[PDB]
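S.K.: below you'll find the sequence and an experimental structure to go with it.
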Amino acid sequence: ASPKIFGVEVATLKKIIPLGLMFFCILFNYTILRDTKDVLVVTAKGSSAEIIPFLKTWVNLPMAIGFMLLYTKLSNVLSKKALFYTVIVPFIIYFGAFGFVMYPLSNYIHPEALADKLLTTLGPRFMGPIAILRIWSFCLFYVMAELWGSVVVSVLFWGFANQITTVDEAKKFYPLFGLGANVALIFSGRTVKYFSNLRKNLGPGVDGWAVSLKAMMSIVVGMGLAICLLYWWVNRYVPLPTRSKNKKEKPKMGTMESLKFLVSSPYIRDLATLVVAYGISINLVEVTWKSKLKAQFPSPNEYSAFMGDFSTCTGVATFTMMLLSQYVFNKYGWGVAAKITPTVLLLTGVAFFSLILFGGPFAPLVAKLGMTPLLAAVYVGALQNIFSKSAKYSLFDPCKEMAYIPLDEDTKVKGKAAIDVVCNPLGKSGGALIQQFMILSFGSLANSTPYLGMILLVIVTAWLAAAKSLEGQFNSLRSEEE
Amino acid sequence: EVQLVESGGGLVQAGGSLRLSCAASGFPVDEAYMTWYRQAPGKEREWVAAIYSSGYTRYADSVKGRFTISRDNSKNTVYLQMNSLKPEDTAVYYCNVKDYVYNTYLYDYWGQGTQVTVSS
Ligand SMILES: Nc1ncnc2c1ncn2[C@@H]1O[C@H](COP(=O)(O)OP(=O)(O)OP(=O)(O)O)[C@@H](O)[C@H]1O
């Protein structure tokens, strides 16, 4: 007779509890690194939020690809446990060495003089791409912070959570991991703010952000060591399933042949279309919103404190949306649920763009509501991003990992692997390539606002007319089998 | 139409301070790349300081630490805070807004300049 606590088997609590706590610690570091990497590249002197479009395509896109080939080559010469110590520990070493060594010694290694010479000979519209060379070590931090969410979150954990949880355990407790992932946004958001508030202790030239940064990178090491400690616990005290070698000798189906499969199957092309549209449009709004953020919070510490507040608000909103997701679904349907994220993104983004653009002959509201137009833009963009992401993880991702079900477990297993590592970087990089062309054609990101709103309609229109193309293929396969 | 009007110039003693204003009309100063020049008689026009739309500031080696360029977004005015003024700083200071890609100058608007003379 197996014992039970809280209506759940004790034997499966030793697996799920350290797994959700480890997912908590992973999203705790992620919520700290993702706020920090925006502080570094945007609030750096000589750098603005226009470095983001060029970081996504020219810097971290080749590094993310180059990381996926190093990981793929290491996935054959290392064991499963050795793989989750060679890909997780250099991250902990890097961020610990950054806040304590690399960042302090950054006015020693950043070519501020050469970047200024390049800035004059090229023009004012090149501050974006040139800042990549100006603060290159901050750009390397940006890549590693991106690679945390791309590898530690998406690859390392879910690759380990899927190899140890039963198919029915992965169906009941995975919705609870996302719930606990946003508790790691409320807390780490409060953590980021607490360590971002400038200590009343002033310095002659003491960087208030240097002491603030290493107070965060210490927790990243501290929580990163908990991930390695929890992972070691679950791999020695938890009896894992004995699923044999028989998983179709997993042939990760290259890249070119991968999107060849994409176009071949009409069911996967639309899903990839949704996954890239969310990733183009979110960037199209978010980079301009971060430009406004830089305008409102020039200091690194004020920007970081706002990032912590924003992370806490995002966590609360996403927790509420995950709670009401399995009422929206059950009431309205997959087709309705797949439309809100495009719709919320479109509406919030166009409201934010029409407050930036048509903010001139509309300002009694922002005036009597106790704000400046810049602060109003900051708050509207923050609400845009909060609603878009709380819809993402509560309606879009549920729709994505619900549309896989009616597919055959060969097409499903290959297509699901093809979606993540391709479409997520592909969407996040195309949405930035668009903005690179915008910046280098119209000069600044603010001169690109009328068009950034118009590509937003085009991407969302193809995003809306791809779920309907899938609401009718999801319904077809899920009804005929009945 | 773009218009740059400088003010705040005058006669000050060596080691004094002076603040030049540049009331911009026809474009927002926050999205512009604005620069300060100076030209003494006999010598060619010399670039002094430059501010970017990002708020990034550059200064010539002759005025680093002493001069500070800044803009007020409400009044649409850039400022040149000249501190520890030397007699070598005596020149006509020009407010300039321009945009260019390499050697193609898309626009280049100058002000009429203000006379800054430092006595001794
Ligand atoms: N609140 C959350 N709940 C669940 N998963 C999350 C959450 N936040 C991030 N993730 C995971 O982190 C990864 C990163 O996705 P996302 O686009 O938000 O980050 P990003 O690409 O770093 O964003 P940015 O472009 O602002 O840097 C995804 O695997 C996502 O599932």
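M.R.: Alright, I've got the coordinates. Numbers count the residues shown, from 1 in each chain, chains lettered A, B, ... in the order given.
S.K.: quick one, strands of chain B?
M.R.: Along chain B, counting by DSSP state E, strands occupy B:3-7, B:11-13, B:18-25, B:34-39, B:46-51, B:57-59, B:67-72, B:77-82, B:91-101, B:104-110, B:114-119.
S.K.: closest one to chain A among the ones you listed?
M.R.: Chain A lies closest, by C-beta to the nearest C-beta, to one member of the strands of chain B: strand B:91-101, at 4.7 Å. Quick note: C-beta positions are derived from backbone N, CA and C, even for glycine.
S.K.: contacts for that closest one, please.
M.R.: Contact with strand B:91-101 is made by A:122-126, A:443, B:2, B:4-6, B:9, B:20, B:22, B:24, B:27, B:32-40, B:45-46, B:48, B:78, B:80, B:105-111, B:113-116, as judged by C-beta atoms under 8 Å, 6 or more residues apart in numbering or on different chains.
S.K.: neighbouring strands - and their directions - for it?
M.R.: Under the criterion DSSP bridges, strand B:91-101 sits next to strand B:34-39 (antiparallel), strand B:104-110 (antiparallel), strand B:114-119 (antiparallel) in its sheet.
S.K.: determine which stretch of those is the most buried.
M.R.: Of all these, strand B:34-39 has the most neighbours on average by mean count of other C-beta atoms under 10 Å in any protein chain shown, namely a mean of 22.
S.K.: tally of neighbours for the closest residue to chain B within the stretch 51-200 of chain A?
M.R.: Per C-beta to the nearest C-beta, residue A:124 is where the stretch 51-200 of chain A lies closest to chain B, at 3.8 Å. When neighbours are counted by other C-beta atoms under 10 Å in any protein chain shown, residue A:124 registers 22.
S.K.: the ligand versus that one, what's the distance?
M.R.: 25 Å (C-beta to the nearest ligand atom, to the nearest Å).
S.K.: now the strands paired with strand B:91-101 in JSON lines, with distance to residue A:56?
M.R.: Output for the strands paired with strand B:91-101, formatted as JSON lines (distance: least, C-beta to C-beta, whole Å):
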{"stretch": "strand B:34-39", "distance to residue A:56": "29"}
{"stretch": "strand B:104-110", "distance to residue A:56": "27"}
{"stretch": "strand B:114-119", "distance to residue A:56": "44"}
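S.K.: the helix or strand that contains residue A:291 near chain B anywhere?
M.R.: Assigned by DSSP states H and E, residue A:291 belongs to helix A:266-296. Yes - against chain B, helix A:266-296 shows contacts by C-beta under 8 Å from any C-beta of the partner chain at A:294-295.
S.K.: write out the residues of chain B neighbouring chain A.
M.R.: B:30-31, B:33, B:52-56, B:58, B:99-102.
S.K.: which one among those residues gets closest to the ligand?
M.R.: Using C-beta to the nearest ligand atom, residue B:54 comes nearest to the ligand of these, at 19.6 Å.
S.K.: wait, residue A:111 sits on residue A:137?
M.R.: No - using C-beta atoms under 8 Å as the test, residue A:111 is too far from residue A:137 to be in contact (10.6 Å).
S.K.: what residues does the stretch 251-400 of chain A have near the ligand?
M.R.: By C-beta under 6 Å from any ligand atom, the residues of the stretch 251-400 of chain A that approach the ligand are A:318, A:393.
S.K.: contact residues of the stretch 251-400 of chain A facing chain B?
M.R.: Counting by C-beta under 8 Å from any C-beta, the residues of the stretch 251-400 of chain A close to chain B are A:294-295, A:298.
S.K.: which among those residues end up buried?
M.R.: A:294-295 (16 or more other C-beta atoms under 10 Å in any protein chain shown).
S.K.: circling back: now the helix holding residue A:291: how far from the chain's centre is it?
M.R.: Computed by C-alpha atoms, centre = their mean, to the nearest Å, the chain-centroid distance of helix A:266-296 equals 11 Å.
S.K.: in that helix, what counts as buried?
M.R.: So helix A:266-296, judged by 16+ other C-beta under 10 Å, has buried residues A:267-296.
S.K.: ok, and the closest non-adjacent residue to the most centrally placed residue in chain A?
M.R.: With distances taken as C-alpha atoms, centre = their mean, residue A:149 lies nearest the centre of chain A, 6.1 Å away. Leaving aside its chain neighbours, residue A:149 sits nearest to residue A:30 (5.2 Å; criterion: C-beta to C-beta, 6 or more residues apart in numbering or on different chains).
S.K.: count of residues packed around that neighbour?
M.R.: Counted with other C-beta under 10 Å, residue A:30 comes out at 21.
S.K.: element containing it?
M.R.: Residue A:30 is located in helix A:10-42, with elements delineated by DSSP H and E.
S.K.: next, see if that helix gets close to the ligand.
M.R.: Yes - under the criterion of C-beta under 6 Å from any ligand atom, the ligand is reached by helix A:10-42 at A:27, A:30, A:34.
S.K.: tell me the one of those residues nearest residue A:246?
M.R.: residue A:27 (32.7 Å; C-beta to C-beta).
S.K.: the closest one reaches residue A:179, doesn't it?
M.R.: No - with contact defined as C-beta under 8 Å, residue A:27 does not count as touching residue A:179 (11.2 Å).
S.K.: between these two, point out the one with more neighbours.
M.R.: The neighbour comparison of residue A:27 against residue A:179 (other C-beta under 10 Å) goes to residue A:27, with 28 against 15.
S.K.: now do the contacts for that one.
M.R.: Residues in contact with residue A:27, defined by C-beta under 8 Å, 6+ apart, are A:153, A:181-182, A:184-185, A:188.
S.K.: could you measure from the most centrally placed residue in chain B over to the ligand?
M.R.: Central residue of chain B (C-alpha atoms, centre = their mean): residue B:36, 2.4 Å from the mean position. As judged by C-beta to the nearest ligand atom, residue B:36 and the ligand stand 37 Å apart.
S.K.: re the thing from before, and which of the residues of the stretch 251-400 of chain A next to chain B is nearest to the ligand?
M.R.: Taking these together and measuring to the ligand by C-beta to the nearest ligand atom, the closest member is residue A:294, at 14.5 Å.
S.K.: tell me the secondary structure of residue A:74, please.
M.R.: Recorded secondary structure, residue A:74: helix (DSSP: H, G, I helix; E, B strand; the rest coil).
S.K.: residues contacting residue A:110?
M.R.: Residue A:110 makes contact with A:134-137, according to C-beta under 8 Å, 6+ apart.
S.K.: how close does it sit to residue A:44?
M.R.: Using C-beta to C-beta, to the nearest Å, residue A:110 is found at 9 Å from residue A:44.
S.K.: need the overlap of contacts for these two.
M.R.: A:134-135.
S.K.: re the thing from before, C-terminal to the helix holding residue A:291, what's the next element?
M.R.: Proceeding C-terminally, helix A:266-296 gives way to helix A:300-332 as the next helix or strand, assigned by DSSP H and E.
S.K.: for that next one, name the packing helices and strands.
M.R.: helix A:10-42, helix A:174-196, helix A:208-234, helix A:266-296, helix A:334-356, helix A:373-391 (3 or more C-beta pairs under 8 Å, 6 or more residues apart in numbering or on different chains; DSSP states H and E).
S.K.: what angle sits between it and helix A:373-391?
M.R.: Angle between the axes of helix A:300-332 and helix A:373-391 is 40 degrees (criterion: axes from the mean of the first three to the mean of the last three C-alpha atoms, to 10 degrees).
S.K.: just the buried residues of helix A:300-332, please?
M.R.: Under the neighbour-count criterion of 16+ other C-beta under 10 Å, helix A:300-332 has A:300-319, A:321-322, A:325, A:328-329 buried.
S.K.: angle of that helix against helix A:10-42?
M.R.: 130 degrees.
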